[PDB]
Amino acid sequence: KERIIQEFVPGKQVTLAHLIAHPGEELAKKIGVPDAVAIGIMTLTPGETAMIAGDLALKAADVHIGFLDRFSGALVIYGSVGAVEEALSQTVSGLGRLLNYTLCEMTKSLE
């Protein structure tokens, strides 16, 4: 085979930014967020980006932090479908702009 030594470092990337309107009570309960709200999901690298994204999203629309995970880089917000959608949209563009992140497409699940 081949042996390579590899100095690892975090990349800067928004891997997914997903909207889920009408998650349902079971999923909501599992996730640890309020029922009857839309939901925004982001994975971020490095993990500390979640605090930055948290700031952005809060300032972008009327959304709330379900939870913020500075280790995994997870961030979950909730609120109206419209608020969550804007918050997501704004936060992705803000990261590529302020920090020149690798970005992704915003995605959605409905029904």
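Throughout, we count residues from 1 along the sequence that is shown.
Ranked by C-alpha B-factor against the other modelled residues of its chain, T102 falls in the lowest third.
When the modelled residues of the chain are ordered by their C-alpha B factor, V14 lands in the lowest third.
In the deposited entry, the Cα temperature factor of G32 sits in the middle third of values across the chain's modelled residues. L88: CA B factor lies in the middle third for its chain, per the PDB record. In the PDB entry, a CA B factor belonging to the middle third of its chain's modelled residues is recorded for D55.
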